[PDB]
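Participant: You'll find my_file_2.cif just under this line, and it carries mmCIF, C-alpha atoms.
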```cif
data_run
loop_
_atom_site.label_atom_id
_atom_site.label_comp_id
_atom_site.auth_asym_id
_atom_site.auth_seq_id
_atom_site.Cartn_x
_atom_site.Cartn_y
_atom_site.Cartn_z
CA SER A 1 -27.07 110.47 -8.67
CA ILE A 2 -26.74 110.43 -12.47
CA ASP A 3 -26.63 113.52 -14.65
CA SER A 4 -29.60 114.07 -16.95
CA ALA A 5 -31.34 116.59 -19.20
CA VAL A 6 -34.46 116.25 -21.33
CA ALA A 7 -34.86 117.68 -24.85
CA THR A 8 -37.80 117.88 -27.28
CA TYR A 9 -37.65 116.92 -30.93
CA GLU A 10 -40.66 116.69 -33.27
CA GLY A 11 -42.76 117.08 -30.13
CA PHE A 12 -41.39 113.94 -28.41
CA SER A 13 -39.40 114.31 -25.18
CA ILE A 14 -36.16 112.31 -24.64
CA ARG A 15 -33.96 111.74 -21.55
CA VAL A 16 -30.22 111.34 -21.74
CA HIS A 17 -28.28 109.84 -18.80
CA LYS A 18 -24.51 110.34 -18.62
CA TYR A 19 -22.71 107.90 -16.29
CA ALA A 20 -19.34 106.14 -16.13
CA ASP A 21 -17.55 103.15 -14.67
CA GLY A 22 -14.75 104.20 -12.39
CA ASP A 23 -12.66 101.01 -12.20
CA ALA A 24 -12.65 100.63 -15.96
CA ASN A 25 -12.05 104.05 -17.34
CA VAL A 26 -15.04 104.09 -19.75
CA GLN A 27 -17.73 106.79 -20.13
CA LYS A 28 -21.33 105.90 -21.06
CA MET A 29 -24.45 107.65 -22.38
CA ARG A 30 -27.96 106.45 -23.14
CA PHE A 31 -30.99 108.10 -24.82
CA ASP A 32 -34.46 106.60 -24.09
CA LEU A 33 -38.18 106.85 -24.98
CA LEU A 34 -41.31 104.83 -23.88
CA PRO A 35 -44.12 104.59 -26.46
CA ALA A 36 -47.68 103.46 -25.72
CA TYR A 37 -49.94 102.01 -28.42
CA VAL A 38 -53.64 101.28 -28.94
CA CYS A 39 -55.71 99.74 -31.69
CA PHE A 40 -59.30 100.87 -31.21
CA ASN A 41 -60.98 99.09 -34.16
CA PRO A 42 -59.11 96.79 -36.58
CA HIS A 43 -61.93 97.19 -39.15
CA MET A 44 -61.06 100.86 -39.73
CA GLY A 45 -57.75 100.52 -41.64
CA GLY A 46 -55.67 98.33 -43.93
CA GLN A 47 -53.27 98.05 -46.90
CA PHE A 48 -54.00 98.97 -50.55
CA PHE A 49 -52.61 98.37 -54.04
CA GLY A 50 -53.53 99.21 -57.61
CA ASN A 51 -55.99 97.20 -59.69
CA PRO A 52 -54.85 95.35 -62.84
CA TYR B 1 26.32 110.42 -46.43
CA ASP B 2 24.55 111.99 -49.42
CA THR B 3 26.13 112.73 -52.80
CA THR B 4 23.39 115.10 -54.00
CA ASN B 5 22.99 117.17 -50.76
CA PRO B 6 26.42 117.07 -49.07
CA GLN B 7 25.26 119.85 -46.71
CA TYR B 8 23.69 117.12 -44.51
CA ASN B 9 26.59 114.66 -44.18
CA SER B 10 27.09 113.70 -40.56
CA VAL B 11 30.02 111.32 -41.07
CA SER B 12 33.22 111.12 -43.10
CA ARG B 13 32.55 108.41 -45.73
CA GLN B 14 30.13 105.79 -47.03
CA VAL B 15 29.51 102.61 -45.04
CA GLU B 16 30.12 99.89 -47.64
CA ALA B 17 29.60 96.12 -47.33
CA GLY B 18 32.34 94.33 -45.43
CA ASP B 19 33.18 97.19 -43.05
CA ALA B 20 34.31 95.89 -39.66
CA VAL B 21 32.20 96.85 -36.63
CA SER B 22 32.25 95.84 -32.95
CA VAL B 23 30.18 96.02 -29.76
CA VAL B 24 31.11 98.25 -26.82
CA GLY B 25 31.52 96.35 -23.54
CA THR B 26 31.68 92.76 -22.30
CA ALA B 27 29.27 89.94 -23.16
CA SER B 28 26.66 89.35 -20.42
CA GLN B 29 27.59 92.03 -17.84
CA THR B 30 25.06 94.17 -15.98
CA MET B 31 25.89 97.78 -15.18
CA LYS B 32 24.48 101.26 -14.60
CA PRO B 33 25.33 103.63 -17.49
CA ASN B 34 25.93 107.34 -16.88
CA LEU B 35 24.25 109.87 -19.20
CA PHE B 36 25.42 113.09 -20.85
CA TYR B 37 23.03 115.10 -23.00
CA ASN B 38 22.16 118.59 -24.11
CA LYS B 39 18.90 120.15 -22.89
CA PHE B 40 17.27 119.65 -26.33
CA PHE B 41 18.22 115.98 -26.62
CA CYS B 42 14.84 114.73 -25.26
CA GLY B 43 11.48 116.32 -24.45
CA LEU B 44 8.87 115.53 -21.82
CA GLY B 45 5.20 116.38 -21.33
CA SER B 46 1.82 115.44 -19.91
CA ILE B 47 -1.68 115.45 -21.41
CA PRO B 48 -4.57 117.02 -19.41
CA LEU B 49 -7.34 114.52 -18.50
CA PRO B 50 -11.06 115.43 -18.59
CA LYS B 51 -13.36 114.34 -15.77
CA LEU B 52 -15.61 111.27 -15.97
CA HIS B 53 -19.37 111.91 -15.95
CA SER B 54 -21.20 111.89 -12.60
CA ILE B 55 -17.92 111.37 -10.69
CA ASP B 56 -16.29 114.00 -8.48
CA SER B 57 -12.73 115.07 -9.19
CA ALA B 58 -9.98 117.58 -8.50
CA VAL B 59 -6.69 118.50 -10.11
CA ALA B 60 -3.41 119.28 -8.31
CA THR B 61 -0.02 120.34 -9.70
CA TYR B 62 3.12 118.84 -8.20
CA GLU B 63 6.42 119.33 -9.98
CA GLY B 64 4.77 121.21 -12.79
CA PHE B 65 2.93 118.01 -13.77
CA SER B 66 -0.83 118.03 -13.26
CA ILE B 67 -2.68 115.08 -11.69
CA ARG B 68 -6.41 114.24 -11.65
CA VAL B 69 -8.02 112.38 -8.81
CA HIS B 70 -11.42 110.71 -9.18
CA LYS B 71 -13.52 109.99 -6.10
CA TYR B 72 -16.31 107.37 -6.44
CA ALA B 73 -17.90 104.73 -4.20
CA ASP B 74 -19.58 101.33 -4.10
CA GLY B 75 -23.05 101.89 -2.68
CA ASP B 76 -23.78 98.28 -1.78
CA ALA B 77 -20.36 97.24 -0.44
CA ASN B 78 -20.24 100.65 1.29
CA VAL B 79 -16.62 101.52 0.37
CA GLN B 80 -14.82 104.64 -0.84
CA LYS B 81 -12.53 104.59 -3.89
CA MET B 82 -9.86 106.96 -5.23
CA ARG B 83 -7.50 106.80 -8.20
CA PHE B 84 -4.80 109.31 -9.15
CA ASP B 85 -3.31 109.14 -12.64
CA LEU B 86 -1.20 110.77 -15.38
CA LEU B 87 -0.46 110.43 -19.17
CA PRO B 88 3.20 110.92 -20.16
CA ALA B 89 4.43 111.94 -23.62
CA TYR B 90 8.04 111.57 -24.84
CA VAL B 91 9.96 112.98 -27.81
CA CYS B 92 13.45 112.36 -29.12
CA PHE B 93 14.42 115.66 -30.72
CA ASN B 94 17.79 114.42 -31.98
CA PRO B 95 19.85 111.28 -31.25
CA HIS B 96 23.19 112.98 -31.81
CA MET B 97 22.93 115.31 -28.82
CA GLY B 98 23.25 112.72 -26.02
CA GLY B 99 24.71 109.35 -25.14
CA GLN B 100 26.28 107.19 -22.40
CA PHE B 101 29.72 107.62 -20.77
CA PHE B 102 31.95 105.36 -18.68
CA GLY B 103 35.47 105.67 -17.31
CA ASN B 104 38.70 105.17 -19.22
CA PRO B 105 41.03 102.33 -18.07
#
```
Give the structure from this file in structure tokens form.

Facilitator:
Amino acid sequence: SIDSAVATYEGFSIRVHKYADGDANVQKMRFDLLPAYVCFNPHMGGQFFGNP
Amino acid sequence: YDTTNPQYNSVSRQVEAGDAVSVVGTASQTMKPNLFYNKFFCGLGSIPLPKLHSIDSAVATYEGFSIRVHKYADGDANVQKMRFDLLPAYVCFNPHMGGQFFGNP
């Protein structure tokens, strides 16, 4: 019962919901995304710097 | 009263310091004043309201004023809600075209 749409950018998909409170006269919008992460093997990357 | 643009003078002389004034009427009395005015003394209007998201509405014209209604509910309390509303706007085009009259004793 809430108006949506879903739009791609950089090949990531994003919902918007548009609702409102009726007793207060306000209108509200939200934009969401859920990421999932993995680290397979911590020994395969790191940080680097120059050598003095 | 303007020396450099006398084309705009509304009154017959300068108001200097020390000029006697007075107040029309009695001290604490309460009354209902009558009103004369020309058509272009004061203006009146109303601003159209957009509809809230995800909430049903309708718009009806009554005297020539337009009025939104919004119809929402409370799902858990199981009640039905409605509000009708309007935004007025008011102008004073010119103070010298209207006033208040009373009788003469």

Participant: What are the residues of chain A lining chain B at 7 Å or less? Count all atoms listed in the file, and put the answer as a PyMOL selection string.

Facilitator: chain A and resi 2-3+18-20+22+27

Participant: CA of residue 77 in chain B and CA of residue 25 in chain A are how many Å apart?

Facilitator: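 Calculated distance between CA of residue 77 in chain B and CA of residue 25 in chain A is 20.0 Å.
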
Participant: Find the residues near range 32-47 of chain B: any atom within 10 Å, counting all atoms listed in the file, skip ones fewer than 5 places away on the same chain, and give them as a ChimeraX atom specification.

Facilitator: /B:64-67,86-103

Participant: What do you get, as an mmCIF file with C-alpha atoms, keeping the file's coordinate frame, if you spell out every residue that the PyMOL selection byres ((chain A and resi 30) around 8) selects here?

Facilitator:
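In the end it all went to out-v8.cif:
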```
data_model
loop_
_atom_site.group_PDB
_atom_site.id
_atom_site.type_symbol
_atom_site.label_atom_id
_atom_site.label_comp_id
_atom_site.auth_asym_id
_atom_site.auth_seq_id
_atom_site.Cartn_x
_atom_site.Cartn_y
_atom_site.Cartn_z
ATOM 1 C CA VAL A 16 -30.220 111.340 -21.740
ATOM 2 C CA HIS A 17 -28.280 109.840 -18.800
ATOM 3 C CA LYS A 18 -24.510 110.340 -18.620
ATOM 4 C CA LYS A 28 -21.330 105.900 -21.060
ATOM 5 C CA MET A 29 -24.450 107.650 -22.380
ATOM 6 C CA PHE A 31 -30.990 108.100 -24.820
ATOM 7 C CA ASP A 32 -34.460 106.600 -24.090
#
```

Participant: If I take CA of residue 69 in chain B and CA of residue 56 in chain B, how far is one from the other in Å, to one decimal?

Facilitator: 8.4 Å

Participant: Between A:13, A:49, A:23, A:6, which residue has the minimum interatomic distance to residue 35 in chain A, considering only C-alpha atoms?

Facilitator: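 Closest to residue 35 in chain A, using only C-alpha atoms: A:13.
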
Participant: Would you work out the distance separating CA of residue 9 in chain A from CA of residue 26 in chain A, expressed in Å to one decimal?

Facilitator: 28.3 Å

Participant: Using only the atoms of range 12-19 of chain B listed in the file, plus 3 Å on each side, state the axis-aligned box centre and edge lengths in Å rounded to one decimal, as JSON.

Facilitator:
```
{"center_x": 31.4, "center_y": 102.7, "center_z": -45.3, "size_x": 9.7, "size_y": 22.8, "size_z": 10.6}
```

Participant: For range 38-52 of chain A, where the input has fewer atoms than it should, I would like N, CA and C atoms rebuilt and written as a short mmCIF file (atom, residue, chain, number, x, y, z; two decimals), in the coordinates of the input.

Facilitator:
```cif
data_model
loop_
_atom_site.label_atom_id
_atom_site.label_comp_id
_atom_site.auth_asym_id
_atom_site.auth_seq_id
_atom_site.Cartn_x
_atom_site.Cartn_y
_atom_site.Cartn_z
N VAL A 38 -52.28 101.79 -29.02
CA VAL A 38 -53.64 101.28 -28.94
C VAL A 38 -54.10 100.94 -30.35
N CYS A 39 -54.87 99.87 -30.50
CA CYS A 39 -55.71 99.74 -31.69
C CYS A 39 -57.17 99.74 -31.23
N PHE A 40 -57.90 100.80 -31.57
CA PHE A 40 -59.30 100.87 -31.21
C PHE A 40 -60.15 99.86 -31.99
N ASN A 41 -60.10 99.91 -33.32
CA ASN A 41 -60.98 99.09 -34.16
C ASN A 41 -60.28 98.55 -35.41
N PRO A 42 -59.83 97.31 -35.41
CA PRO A 42 -59.11 96.79 -36.58
C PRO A 42 -59.83 96.90 -37.93
N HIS A 43 -61.14 97.10 -37.92
CA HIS A 43 -61.93 97.19 -39.15
C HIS A 43 -61.92 98.58 -39.74
N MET A 44 -61.17 99.51 -39.18
CA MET A 44 -61.06 100.86 -39.73
C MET A 44 -59.75 101.17 -40.48
N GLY A 45 -58.86 100.21 -40.75
CA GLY A 45 -57.75 100.52 -41.64
C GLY A 45 -57.19 99.28 -42.30
N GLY A 46 -56.25 99.47 -43.22
CA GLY A 46 -55.67 98.33 -43.93
C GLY A 46 -54.57 98.71 -44.89
N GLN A 47 -54.30 97.84 -45.88
CA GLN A 47 -53.27 98.05 -46.90
C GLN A 47 -53.94 98.15 -48.27
N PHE A 48 -53.43 98.98 -49.19
CA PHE A 48 -54.00 98.97 -50.55
C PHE A 48 -52.95 98.94 -51.65
N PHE A 49 -53.41 98.54 -52.83
CA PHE A 49 -52.61 98.37 -54.04
C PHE A 49 -53.46 98.73 -55.26
N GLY A 50 -52.80 98.98 -56.38
CA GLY A 50 -53.53 99.21 -57.61
C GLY A 50 -54.29 97.99 -58.10
N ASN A 51 -55.17 98.22 -59.07
CA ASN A 51 -55.99 97.20 -59.69
C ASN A 51 -55.55 96.95 -61.12
N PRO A 52 -55.22 95.70 -61.47
CA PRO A 52 -54.85 95.35 -62.84
C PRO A 52 -56.10 94.97 -63.65
#
```
